[PDB]
Amino acid sequence: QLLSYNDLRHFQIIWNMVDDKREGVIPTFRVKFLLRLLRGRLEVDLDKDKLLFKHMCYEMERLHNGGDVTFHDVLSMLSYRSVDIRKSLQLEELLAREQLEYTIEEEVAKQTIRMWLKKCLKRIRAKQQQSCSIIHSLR
Amino acid sequence: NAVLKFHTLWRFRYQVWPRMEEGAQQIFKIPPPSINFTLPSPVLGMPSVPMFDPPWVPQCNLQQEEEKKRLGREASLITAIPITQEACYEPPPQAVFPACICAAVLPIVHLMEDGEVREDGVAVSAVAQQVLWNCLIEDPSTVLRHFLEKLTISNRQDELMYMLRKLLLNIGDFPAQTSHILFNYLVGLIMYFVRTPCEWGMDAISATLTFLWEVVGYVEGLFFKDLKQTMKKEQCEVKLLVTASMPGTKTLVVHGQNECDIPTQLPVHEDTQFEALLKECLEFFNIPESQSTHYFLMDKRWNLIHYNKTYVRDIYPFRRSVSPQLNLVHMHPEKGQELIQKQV
Amino acid sequence: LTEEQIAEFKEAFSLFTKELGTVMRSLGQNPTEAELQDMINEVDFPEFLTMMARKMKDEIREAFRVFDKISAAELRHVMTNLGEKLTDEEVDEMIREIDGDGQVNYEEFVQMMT
Amino acid sequence: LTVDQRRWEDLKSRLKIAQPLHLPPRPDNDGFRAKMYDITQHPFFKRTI
């Protein structure tokens, strides 16, 4: 039910494979290059877990706003997400974690919506700006 | 007899569909009940108070036990709950109560003040009160939805509040569910008018607030923390709680007399009134001092004419991506002063 | 290897100037053979990834899994709070743009995406 | 604390202790060091040692 040493060793190998140096931190955009290369018991199925993988990527992008993220942060994150938090956490920490995950989920949902918003805003701004040019001509 | 017939219609509303052709919902059409309100999420108050020891729920040092049970059983208002509906077993039913029967509620409310006594000793007001009480305890939603939705489409808030006040005073109470739903609906209406522009929006808000404090006295589990969090999540706490802090707009955009003319994007500080903003507008727009008492800043969207000495940050607490749009409109000073007086 | 580049490139630069096209062709792309050197000029797993991820960067499921709620006002305030420097001018048009029930279906919105 | 909670706390502590693997990547510029790393890390070498 818990993250073992075999899982930790495999994660360490993957970390040393995605982190070219021995600096111990990676730019957050590289974080996905960790999660999807991770194999075995920690593997995530891209054909079934898309929502969960995206959630993890956004979580490790929020932890520090565009910040570079440490080995310990991603390891804690995998630990939290690999356990049935309702059983293995205290009440206040369970509430904190569940509210965090709720926030992450709605935040990423509207972060998807924002792209459609941007595109439609572009189209309508173009149309209205051309209409304002017409009105300027009417001046 | 009219009151009694209304009661019967109410008590028979769930037994209409079965009586006619099978699957007649598709062949016979009744328009759905229009509901534009999004009640606060989570729901503000407790929907109901449980009976302490219900003789119809099967589940369940002695003398203390009986004493406690007795005391708790005395405290619970058995007459405030729909006894037979609670006591029925739980194993859909559709209700056909068109909007033109709900209008009959108001005449019944009036009749609750009719003292005339029939030759058998029955008084109109007593039967009216009994019927209305039974309806309100059974289903407040069906009996108040008509009014709540009607208010949106017309400027008759005053009438609604008068009717609700008469109802409260004649019945003398609101059982916990009636007040719960009423309060939630009123708050939903307030937020709706806050968001959607309307000609009589702020008037409706004022009318609602003039009466909300009478309902609030009958909500059982309404706590400050929950209210604060819900309102903040809804982004309308300012209109409800005086203890609301909201950083106002940093900047404002004002349009001139002409259409699509170069507007002005002025700054807004924490201690700036509309007077300085209007002075800057006059300076920018090259308006002579002789004609300087005919121009006022007003919000066309919300139909607000701004008073000189009211702080800008108070009227536009929202610090969004979009700055409020104002207009420098010219009019006779007397009419502007009258409108300012009305709005203040 | 797999359709997505991450598990492909552990093999694509461990199992194998021109032969890696047999991997590239899995994407349906046949660039100029000399460009196969242009990628190999990155020689390095993470550099290859950082190059091609943004090369590939250079549908309905998502829409149906974001409709987790949408009344007119709900959309109004959600989008206005989320959105960029709009002026509340387009939003009157969005509330007014097909059924007019006060509800949106995101399938049609994705259709009007382009 | 339930046993699951105790185990969770212990795991948290362990992950706190855990640090990145110290083994550097195998050099590949020269085949010499390549074969050296390959033979050195072979499990049977460790077992015989």
# chains A, B, ... in the order shown; residues from 1 in each chain; ligands from 1

$ residues_around --residues "residue B:204" --least-positions-apart "3" --cutoff "8 Å" --atoms "only C-alpha atoms" --output "ChimeraX atom specification"
/B:155,157,190,193,200-201,207-208

$ interface_residues --of "chain B" --to "chain C" --cutoff "8 Å" --atoms "only C-alpha atoms" --output "list in words"
residues 36, 38, 192, 195, 196, 320, 321, 322 and 323 of chain B

$ atom_distance --atom1 "atom CA of residue B:188" --atom2 "atom CA of residue B:324"
23.5 Å

$ closest_residue --among "A:19, A:98, A:43, A:93" --to "residue A:78" --atoms "only C-alpha atoms"
A:43

$ interface_residues --of "chain A" --to "chain C" --cutoff "12 Å" --atoms "only C-alpha atoms" --output "number ranges by chain"
A: 14-21, 26-27, 29-39, 43, 45-48, 50-51, 54, 105-129

$ closest_residue --among "D:4, D:41, D:29, D:11" --to "chain C" --atoms "only C-alpha atoms"
D:29

$ interface_residues --of "chain A" --to "chain B" --cutoff "10 Å" --atoms "only C-alpha atoms" --output "MDAnalysis selection string"
chainID A and resid 132:133 135:136 139

$ interface_residues --of "chain A" --to "chain D" --cutoff "12 Å" --atoms "only C-alpha atoms" --output "JSON, numbers by chain"
{"A": [1, 2, 3, 4, 5, 7, 8, 9, 10, 11, 12, 13, 14, 15, 16, 17, 18, 19, 20, 21, 22, 23, 24, 25, 70, 71, 72, 73, 74, 75, 76, 77, 78, 79, 80, 82, 83, 84, 85, 86, 87, 88, 89, 90, 91, 93, 94]}

$ select_by_dssp --residues "chain C" --states "alpha helix (DSSP H)" --output "NGL selection string"
:C and (5-12 or 21-24 or 35-40 or 45-57 or 60-64 or 72-82 or 90-95 or 106-111)

$ atom_distance --atom1 "atom CA of residue C:1" --atom2 "atom CA of residue A:68"
28.1 Å

$ closest_residue --among "B:5, B:56, B:127, B:213" --to "residue B:165" --atoms "only C-alpha atoms"
B:213

$ atom_distance --atom1 "atom CA of residue B:129" --atom2 "atom CA of residue B:220"
23.5 Å

$ residues_around --residues "residue C:51" --least-positions-apart "2" --cutoff "12 Å" --atoms "only C-alpha atoms" --output "PyMOL selection string"
chain C and resi 5+9+38-49+53-58

$ write_last_selection --atoms "N, CA, C and O atoms" --output "short mmCIF file (atom, residue, chain, number, x, y, z; two decimals), in the first residue's frame"
data_model
loop_
_atom_site.label_atom_id
_atom_site.label_comp_id
_atom_site.auth_asym_id
_atom_site.auth_seq_id
_atom_site.Cartn_x
_atom_site.Cartn_y
_atom_site.Cartn_z
N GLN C 5 6.39 11.09 -27.48
CA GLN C 5 7.83 11.07 -27.71
C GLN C 5 8.66 10.50 -26.56
O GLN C 5 9.77 10.00 -26.81
N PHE C 9 12.04 8.09 -27.35
CA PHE C 9 13.45 8.49 -27.48
C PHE C 9 14.42 7.73 -26.59
O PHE C 9 15.63 7.80 -26.85
N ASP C 38 20.23 17.66 -38.54
CA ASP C 38 19.93 18.87 -37.77
C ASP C 38 19.43 18.53 -36.36
O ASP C 38 19.79 19.22 -35.40
N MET C 39 18.61 17.49 -36.23
CA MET C 39 18.24 17.02 -34.90
C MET C 39 19.42 16.40 -34.18
O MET C 39 19.65 16.67 -32.99
N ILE C 40 20.19 15.55 -34.87
CA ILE C 40 21.34 14.89 -34.25
C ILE C 40 22.44 15.86 -33.87
O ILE C 40 23.33 15.51 -33.09
N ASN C 41 22.40 17.09 -34.38
CA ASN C 41 23.29 18.13 -33.89
C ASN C 41 23.09 18.41 -32.41
O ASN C 41 23.96 19.00 -31.77
N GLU C 42 21.95 18.00 -31.85
CA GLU C 42 21.70 18.13 -30.42
C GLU C 42 22.58 17.21 -29.58
O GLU C 42 22.67 17.42 -28.37
N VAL C 43 23.21 16.20 -30.18
CA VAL C 43 24.09 15.31 -29.44
C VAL C 43 25.24 16.12 -28.83
O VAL C 43 26.00 16.76 -29.55
N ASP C 44 21.55 13.79 -27.39
CA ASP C 44 21.29 13.92 -25.96
C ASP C 44 19.79 13.88 -25.68
O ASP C 44 19.04 14.74 -26.14
N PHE C 45 19.37 12.87 -24.93
CA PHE C 45 17.96 12.55 -24.69
C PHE C 45 17.15 13.80 -24.35
O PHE C 45 16.16 14.10 -25.04
N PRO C 46 17.53 14.56 -23.31
CA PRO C 46 16.71 15.72 -22.96
C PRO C 46 16.76 16.83 -23.99
O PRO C 46 15.78 17.56 -24.15
N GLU C 47 17.87 16.96 -24.73
CA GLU C 47 17.93 17.98 -25.76
C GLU C 47 17.05 17.61 -26.95
O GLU C 47 16.33 18.46 -27.49
N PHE C 48 17.09 16.34 -27.35
CA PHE C 48 16.17 15.85 -28.37
C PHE C 48 14.72 16.11 -27.96
O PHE C 48 13.90 16.56 -28.77
N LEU C 49 14.40 15.82 -26.70
CA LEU C 49 13.04 16.05 -26.21
C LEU C 49 12.68 17.53 -26.29
O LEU C 49 11.62 17.89 -26.80
N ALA C 53 9.59 18.35 -28.77
CA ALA C 53 8.34 18.62 -28.08
C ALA C 53 7.74 19.92 -28.60
O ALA C 53 6.55 19.99 -28.93
N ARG C 54 8.57 20.96 -28.71
CA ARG C 54 8.12 22.23 -29.27
C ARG C 54 8.01 22.19 -30.79
O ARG C 54 7.33 23.05 -31.36
N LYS C 55 8.67 21.24 -31.47
CA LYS C 55 8.37 21.06 -32.89
C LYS C 55 6.94 20.55 -33.09
O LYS C 55 6.19 21.10 -33.91
N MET C 56 6.55 19.51 -32.36
CA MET C 56 5.18 19.02 -32.44
C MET C 56 4.18 20.05 -31.92
O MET C 56 3.06 20.13 -32.42
N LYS C 57 4.57 20.84 -30.92
CA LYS C 57 3.70 21.93 -30.49
C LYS C 57 3.55 22.97 -31.60
O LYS C 57 2.45 23.50 -31.82
N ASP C 58 4.63 23.27 -32.31
CA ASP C 58 4.55 24.08 -33.52
C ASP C 58 3.89 23.29 -34.65
O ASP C 58 3.67 23.82 -35.74
#
